[PDB]
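Right, one structure below, let's go through it.
Note: hydrogens, waters and symmetry copies are ignored here, and every other heavy atom, side chains too, is used. Chain letters run A, B, ... following the sequence lines, proteins first and then strands; every chain starts at 1.
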Amino acid sequence: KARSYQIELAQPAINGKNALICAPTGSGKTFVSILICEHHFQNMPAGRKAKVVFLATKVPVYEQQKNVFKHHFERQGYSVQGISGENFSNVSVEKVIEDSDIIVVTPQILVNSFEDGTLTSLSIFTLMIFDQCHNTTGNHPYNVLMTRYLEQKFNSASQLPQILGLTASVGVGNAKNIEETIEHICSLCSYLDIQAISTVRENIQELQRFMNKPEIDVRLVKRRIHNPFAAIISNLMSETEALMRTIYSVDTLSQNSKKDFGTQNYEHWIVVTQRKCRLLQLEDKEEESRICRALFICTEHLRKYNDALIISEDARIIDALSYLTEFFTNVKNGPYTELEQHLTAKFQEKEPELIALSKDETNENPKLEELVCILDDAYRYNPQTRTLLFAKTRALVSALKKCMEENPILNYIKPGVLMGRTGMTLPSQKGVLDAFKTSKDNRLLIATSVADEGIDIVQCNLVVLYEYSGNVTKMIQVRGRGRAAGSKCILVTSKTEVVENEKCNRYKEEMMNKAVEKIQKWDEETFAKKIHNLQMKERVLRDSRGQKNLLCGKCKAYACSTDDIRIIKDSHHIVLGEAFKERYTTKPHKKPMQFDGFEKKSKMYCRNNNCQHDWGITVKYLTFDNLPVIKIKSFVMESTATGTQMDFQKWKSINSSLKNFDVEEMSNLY
RNA sequence: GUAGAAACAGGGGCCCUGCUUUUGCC
Ligand SMILES: *O[C@H]1[C@@H](O)[C@H](n2cnc3c(=O)[nH]c(N)nc32)O[C@@H]1COP(=O)(O)OP(=O)(O)OP(=O)(O)O
Ligand SMILES: Nc1ncnc2c1ncn2[C@@H]1O[C@H](COP(=O)(O)OP(=O)(O)O)[C@@H](O)[C@H]1O
Ligand SMILES: [Cl-]
Ligand SMILES: [Mg+2]
Ligand SMILES: [Zn+2]
């Protein structure tokens, strides 16, 4: 049965308009899309049949919505099917579309199907529903599809499906006022060819009875007064930078650092330095290799020190020390050249003091104590509480898991951990969430942004954001995880910037809502004209728009020529010939699974034992075993014409100049 | 293989460009 705000929201789309539905998370936007579907099905003109596609950005959501529509519509005699990457391969997409009244998909499935010629026109659909439609932007699959929709609209020799978009936040982009916010929202509208924005105006009070927007609480807590740990590590980082200058004048390559150790700014300095160092070209190739490798290692070490600093700010000294000791264990197990031995020793020199510092309990993190106090208060007051605790990085989430494991809240509450996809698998993720839902003692969940939206999580009465800031849409989603009766959302930070950030988000949320009500004042003509002008602008922006050797990204040793490379299925870059087999060595893949028609066999590495750089994998494919598949990020390209060296993060530039795989060519190579 | 977001800063005169962090998708 429908609520009145649900009926209200469905009205423009029921009248056949391309509609954008803005309504709060969990308010029942999906139920609204179902009401529109029902109406769609019944009001088809003579001789027409409906074909609905529901698009979802993620597999969990894909699965949830698939089963919603199955349950709602199969009992009414409708055929409801779904395609995701998990079955894309074993089904014909054309056939599924042919046999189905409603099809639910992840959007890339459709993109793949246009690109491979399976589909030619979007006229096969009468209604396209885009869950989380605010993702229609840039090179997102949603926007690839809507670009195709608009290209067809512009060669208007066909009828196009109705568009429906579901979101809880249209966003504001870079808007600083109502006017620029209005521009941003209209842009989104133009990308989706919207004709009406549908919000709750008439039935606001009923909405407010079902939805309870948590009271936020923003707490600024004090940092450590002294951080001896960070003094030490910083000196090591200074030592390491000076050693780096000894090796090669990085002043002639990159700039000198501002020694702002343990900052994002430093993090990005090291990253820029790395790319410059690896693009070093010398006459003497032996020296190029020697220098580049030693700078590779130095920058790697500098990054880990920086990481350890940042970890120590948000967590315990021991968590930061653990991170480094695990790293150095790996150093000791790798090539472990003389330079790596030197660095490990300089560290082990200082390690006794660090172990000492990490054991002092007056050397404890104020911000982490405050976190623990917050949790203790909640579970003391209400032991039924279920908490969702968010933090930015995997390293921080791991640290917080260890904390809450070794120091359980009120000495009984146990944490679960949720990270993205060692990551976690979707089965693992689901396992964790089920425990978090049902368990008596597992009432705390620690998560990265994996938990912001989409995947189904039991409602929480406490949401804690631990130095976890972001944009207005993130804020809106994250609060939607806290809708249990008398829920709180608490932002814990030691940074005024983050407090101001959250102050801005409040402004923008209210700016956004005001911007929408102004747009809703306009008549259809005014709106339609505006959206059209932007589609025309977008269109005019689109109007405007040799042989190389690959070198080990680390030791600069010759790998292969671009002439030896073949592309399989536009994605996978294999290397032909016996010569290349001399250049690498393999180890069994630790996860030897199958995907895209390929079976993973091995990891590939630079054969240079002093390097051992990861180059990719080997696979079984068709009638071929142990095909090497290289990844672009492991290599530096060098032009055979100019001699000059290039870095590339994506194949996209190069692919134009590479031959495609030919099973007949391959067959002759034996 | 590749997409979004956020942070950090090289180019154009507010977009472009990269980078990491993070999540995703095939
Ligand atoms: O360049 C990649 C790519 O060609 C192929 N590949 C690996 N993972 C994926 C994937 O999720 N999706 C697609 N389309 N293609 C993929 O293998 C090449 C090498 O990649 P990696 O070296 O990262 O391979 P793998 O993930 O097995 O290494 P690791 O995860 O064990 O580090
Ligand atoms: N009118 C209704 N009657 C009963 N349950 C409803 C109703 N509207 C929504 N729900 C329930 O609310 C939950 C959230 O709805 P959903 O459409 O997923 O929200 P949204 O897409 O707006 O985030 C679902 O479990 C759904 O069954
Ligand atoms: Cl070698
Ligand atoms: Mg990989
Ligand atoms: Zn190498």
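Remark: the separation of the P atoms in B:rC15 and B:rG4 is 16 Å, to the nearest Å. Between B:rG12 and B:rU17, the two P atoms lie 14 Å apart (nearest whole Å). Comparing the P positions of B:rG1 and B:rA9 gives an interatomic distance of 30 Å, to the nearest angstrom. Here the separation of B:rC25 from B:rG13, taken at their P atoms, is 41 Å to the nearest Å. If you take atom P in B:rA3 and the same atom in B:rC16, they sit 15 Å apart, rounded to whole Å. When the P atom is used for both B:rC14 and B:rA6, the distance is 15 Å, rounded to whole Å. Comparing the P positions of B:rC19 and B:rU2 gives an interatomic distance of 13 Å, to the nearest angstrom. Separating the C1' atom of B:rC26 from that of B:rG10 is a span of 32 Å, rounded to the nearest Å.
A:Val417 has its side chain out of reach of A:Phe436: every pair of non-hydrogen atoms, C-beta onward, lies at least 4.5 Å apart. Side-chain contact between A:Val463 and A:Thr387 is absent, with no heavy atoms from C-beta onward closer than 4.5 Å.
In this entry the distance linking NE2 of A:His572 with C1' of B:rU2 reads 10 Å, nearest Å. Distance CG (A:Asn135) to P (B:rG4): 10 Å, rounded to an integer number of Å. Rounded to whole angstrom, the span from the CD atom of A:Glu180 across to the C1' atom of B:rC14 amounts to 10 Å. Note: CD (A:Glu453) to P (B:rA6) measures 14 Å, nearest angstrom. Spacing between atom NZ of A:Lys508 and atom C1' of B:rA5 amounts to 13 Å, rounded to whole angstrom units. Distance A:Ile310 CD1 to B:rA7 P: 16 Å, rounded to the nearest Å. Following rounding to the nearest Å, A:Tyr142 (OH) and B:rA5 (P) show an atom-to-atom distance of 15 Å. Here B:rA3 presents its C1' atom at 11 Å from CG of A:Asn143, a figure rounded to the nearest Å.
If A:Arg545 and A:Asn655 are placed on RNA chain B by their nearest nucleotide, the residue sitting closer to the 5' end is A:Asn655.
Taking a cutoff of 4.0 Å between a charged side-chain nitrogen and a carboxylate oxygen, A:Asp614 and A:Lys603 qualify as a salt bridge. We find that A:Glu509 and A:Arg479 are joined by a salt bridge, their nearest charged nitrogen and carboxylate oxygen being less than 4.0 Å apart. Remark: A:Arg539 does not engage A:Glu151 in a salt bridge, criterion side-chain N to carboxylate O under 4.0 Å.
Contact annotation for A:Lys474: no contact, since no heavy-atom pair falls under 4.0 Å across all strands. Counting non-hydrogen atoms under 4.0 angstrom, A:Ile632 reaches the backbone sugars and phosphates but no base. Counting any heavy atom pair closer than 4.0 Å across all strands shown, A:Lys652 reaches sugar-phosphate atoms only and no base atom. Within 4.0 Å of A:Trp651, counting heavy atoms only, lie sugar-phosphate atoms of the nucleic acid but no base atom. Within the 4.0 angstrom heavy-atom criterion, no nucleotide atom of any strand lies near A:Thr473. Within 4.0 Å of A:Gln477, counting heavy atoms only, lies no atom of the nucleic acid at all. A:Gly470 comes within 4.0 angstrom of nothing in the nucleic acid, heavy atoms only.
Checking the phosphate oxygens (OP1, OP2) of B:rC15, a side-chain nitrogen or oxygen of A:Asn174 falls inside 4.0 Å.
Residues A:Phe69 and A:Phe54 place their aromatic rings such that the two centres sit under 6.0 Å apart.
Note: A:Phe580 and A:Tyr584 have tilted aromatic rings, judged against thresholds of 30 and 60 degrees for the angle between ring planes. Taking the six-membered ring for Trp and thresholds of 30 and 60 degrees, A:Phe624 and A:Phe661 have ring planes more than 60 degrees apart, a perpendicular arrangement.
For the pair A:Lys392 and A:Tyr468, the cation-pi test (distance below 6.0 Å, angle within 45°) is failed. Taking the centre and axis of the six-membered ring of A:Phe595, the NZ or CZ atom of A:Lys600 falls inside the cone set by 45° and 6.0 Å.
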Decide side chain to side chain contact (heavy atoms under 4.5 Å, CB included) for A:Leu295 and A:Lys276; before the verdict, give the C-alpha distance in whole Å, the side-chain angles of both, and the deciding distance to 0.1 Å.
-> CA-CA 10 Å; A:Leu295 295 176; A:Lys276 293 193 186 181; over 6 Å; no
message: Assess the residue pair A:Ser190 and A:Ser187 against the criterion (side-chain hydrogen bond (donor to acceptor under 3.5 Å, both in side chains)); give the C-alpha distance rounded to whole Å, side-chain angles, the decisive distance to 0.1 Å, and a yes or no.
response: CA-CA 5 Å; A:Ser190 70; A:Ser187 300; 5.2 Å; no
Quiz prompt | Working for salt bridge (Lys or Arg N to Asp or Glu O under 4.0 Å), residues A:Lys503 and A:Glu497 | solution = CA-CA 10 Å; A:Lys503 185 153 197 170; A:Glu497 311 86 72; over 6 Å; no
Counting primed atoms, P, OP1 and OP2 as sugar-phosphate and everything else as base, the B/S/- map of nucleotides 18-26 of chain B against protein heavy atoms under 4.0 Å is -SBSSSSSS
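In terms of heavy atoms, A:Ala315 sits closest to A:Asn365 at O-ND2, 2.9 Å.
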Intra- and inter-strand pairing of RNA chain B, written as dot-bracket with Watson-Crick and G-U pairs under 3.5 Å and | for the latter, reads ((((((.((((...)))).)))))).
Please enumerate all protein N or O atoms sitting under 3.5 Å from an N or O of nucleotides 9-11 of chain B, with distances to 0.1 Å.
| unit_1 | atom_1 | unit_2 | atom_2 | d |
| --- | --- | --- | --- | --- |
| B:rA9 | OP1 | A:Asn265 | OD1 | 3.1 |

